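This one's a deposited entry, sequence included:
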Amino acid sequence: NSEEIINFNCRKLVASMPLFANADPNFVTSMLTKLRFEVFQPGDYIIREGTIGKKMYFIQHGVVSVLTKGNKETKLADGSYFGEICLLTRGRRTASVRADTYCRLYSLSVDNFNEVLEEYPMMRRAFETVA
């Protein structure tokens, strides 16, 4: 996995997720400082089906294609994100995603959230509910 530095004004990108929007600015900031910048090229896979899911990607730019087991394929572009199912399923994800064009993503992980969202008991109580 890549761990490059991130661009400015990524707060809104992270807060694009309803959960992270409900999360306090203090936690979002922490996510940003732990935010991993990953670059991907056409044909590259980001998440594969049957692998342990525990991360989410926000799309800075480019086009990706998400395919879910037994479900209609959906494509995403600049300003979108994926990994909702990845986080939802704590075990092996039943979906995959690959890049259709040159793209760049912002990566957050549950391991990071164990430092962010489990930073305060007040958010630990909620995190226990979060899948």
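All right, it came through fine. Numbering: from 1, shown residues only.

end to end, how far does stretch 72-85 reach?
Stretch 72-85 has an end-to-end distance of 14 Å (CA to CA, to the nearest Å).

which residue is nearest the middle of this structure?
residue 56 (1.5 Å; CA atoms, centre = their mean).

Return the residues in contact with the closest residue to it other than its chain neighbours.
Distances taken as CB to CB, 6 or more residues apart in numbering place residue 83 nearest to residue 56, at 3.1 Å, with adjacent residues excluded. C-betas here are computed from N, CA, C, even on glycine. Shown in contact with residue 83 (CB atoms under 8 Å, 6 or more residues apart in numbering): 47, 53, 55-57.

on that earlier part again, phi, psi of the residue nearest to the centre of the chain?
phi -140, psi 140 (degrees, to the nearest 10).

All the strands of the protein, residue numbers only.
36-40, 45-47, 55-61, 64-68, 74-76, 81-82, 95-99, 103-109 (DSSP state E).

Count the neighbours of residue 118 for me.
13 (other CB atoms under 10 Å).

so what's the residue nearest to residue 55 when sequence neighbours are not counted up against?
Distance criterion CB to CB, 6+ apart; nearest residue to residue 55, sequence neighbours excluded, is residue 109 at 4.5 Å. The contact partners of residue 109, taken as CB under 8 Å, 6+ apart, are 36, 54-55.

Just put the residues you listed in TSV and tack on distance to residue 74 and neighbour count.
Below are these laid out as TSV (distance: CB to CB, whole Å; neighbours: other CB atoms under 10 Å):
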residue	distance to residue 74	neighbour count
36	24	18
54	21	18
55	19	21
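
With respect to residue 16, which of the residues you listed is nearest?
Nearest to residue 16, judged by CB to CB, of those is residue 55 at 15.4 Å.

tell me the contacts of that closest one?
47, 83, 86-87, 107-110.

wait, doesn't residue 65 sit right on residue 103?
No. Here residue 65 lies out of contact with residue 103, judged by CB atoms under 8 Å, at a distance of 10.6 Å.

So those two - more neighbours on which side?
residue 103 (23 against 15).

which residue ranges form the helices in the protein?
Counting by DSSP state H, the chain has helices at residues 11-14, 18-22, 25-33, 84-88, 110-116, 121-127.
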